[PDB]
Amino acid sequence: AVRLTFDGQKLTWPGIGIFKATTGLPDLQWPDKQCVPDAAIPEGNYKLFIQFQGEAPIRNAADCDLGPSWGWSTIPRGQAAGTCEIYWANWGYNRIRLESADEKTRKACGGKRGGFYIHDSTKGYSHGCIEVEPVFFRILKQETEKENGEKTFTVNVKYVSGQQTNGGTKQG
Amino acid sequence: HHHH
């Protein structure tokens, strides 16, 4: 099993590496804002769904709405037109679904937050999710594609200071 | 939960 840790700026894969990572919209990248919609993800434990399921489902093409999915999916950037060129640039190219993995995490913030993912946009913000350095997904593929057995990934989110929850993921 |  892999227990990733996320402290607001760094996503650590123990024994492998540290990845730049960011959570929350630009003014909401603070541990004390974690119960505000689209802010830094609430602290606690989350399961990652790393099973690779290909293209994410499109719930409404006109409104650029992607449907939820419980796995690792890709963002259909190649067909984006008009406003969806803007909106899907905030997803990136890859997303991994997160689910709260204990009751305390699930009940955080009156239970009013959800729909969490790890994704590889390069904006320096995330709409209530975790934006990670794109190389994370290449390490993930390399470390898992040769393994035959169970592949269990979680992430613990714990902010140990008031520092901004921005790890420098905006494209250089 | 949407993400626009």
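Preceding block: the structure.
First things first, this report covers the structure right here in the doc. The numbering shown runs from 1 along each chain in the order of its written sequence and may not match that of the entry; residues for which no coordinates exist are omitted. Chains and ligands are labelled sequentially in the order written, the chains with letters from A and the ligands with numbers from 1. Working from all heavy atoms in the structure, the side-chain values ignore hydrogens and water.

### Some remarks on the packing of aromatic side chains
All names here are of chain A. Each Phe, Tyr or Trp ring, with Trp reduced to its six-membered ring, pairs with another whose centre is within 6.5 Å; inter-plane angles below 30 degrees give stacked pairs, above 60 give edge-to-face pairs, and intermediate values give tilted ones. By the definition in use, this model includes 9 aromatic pairs over all chains. On the basis of an interplanar angle of 80 degrees and a centroid distance of 6.3 Å, the ring pair of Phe 6 and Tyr 159 is categorised as edge-to-face. Taken as a pair, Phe 6 in strand β1 (residues 2-6) and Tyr 159 in the segment after β12 (153-157) lie far apart in primary sequence, 153 residues in all. In terms of burial, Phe 6 and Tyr 159 fall into one category: buried. Under the DSSP-based scheme used, a helix requires at least four consecutive residues in state H or I and a strand at least two consecutive residues in state E, with every element numbered from the N terminus. Here's how the labels work: a residue is buried when its accessible area is under 20% of the maximum for its type, exposed when over 50%, partly exposed in between, all with a 1.4 Å probe on protein chains only.

### A word on helix α3 (residues 135-144) of chain A
All names here are of chain A. Residues of α3 that are buried include every one of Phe 136, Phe 137, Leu 140 and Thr 144, and no others. Looking down the long axis of α3, one finds its buried residues gathered within 95 degrees of arc, a one-sided arrangement. Of the residues in α3, the exposed ones pointing more than 90 degrees away from the buried face are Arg 138 and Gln 142. Read the arc as the range of directions from the helix axis to the C-beta atoms.

### A look at the state of the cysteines
Residues and elements named next belong to chain A. A pair of sulfur atoms, both from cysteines and within 2.5 Å, is called a disulfide here. Applying the stated rule across the entire model yields 2 disulfides over all chains. The disulfide partner of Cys 35 is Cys 109, and the S-S distance across this bridge is 2.0 Å. Classification of the bridge connecting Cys 35 and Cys 109 rests on its S-S torsion, roughly -75 degrees, and on that basis the disulfide is left-handed. Taken together, the residues span a long stretch of sequence, with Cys 35 in the loop between β3 (17-23) and β4 (44-49) and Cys 109 in the loop between α2 (103-107) and β10 (117-119) at a distance of 74 residues.

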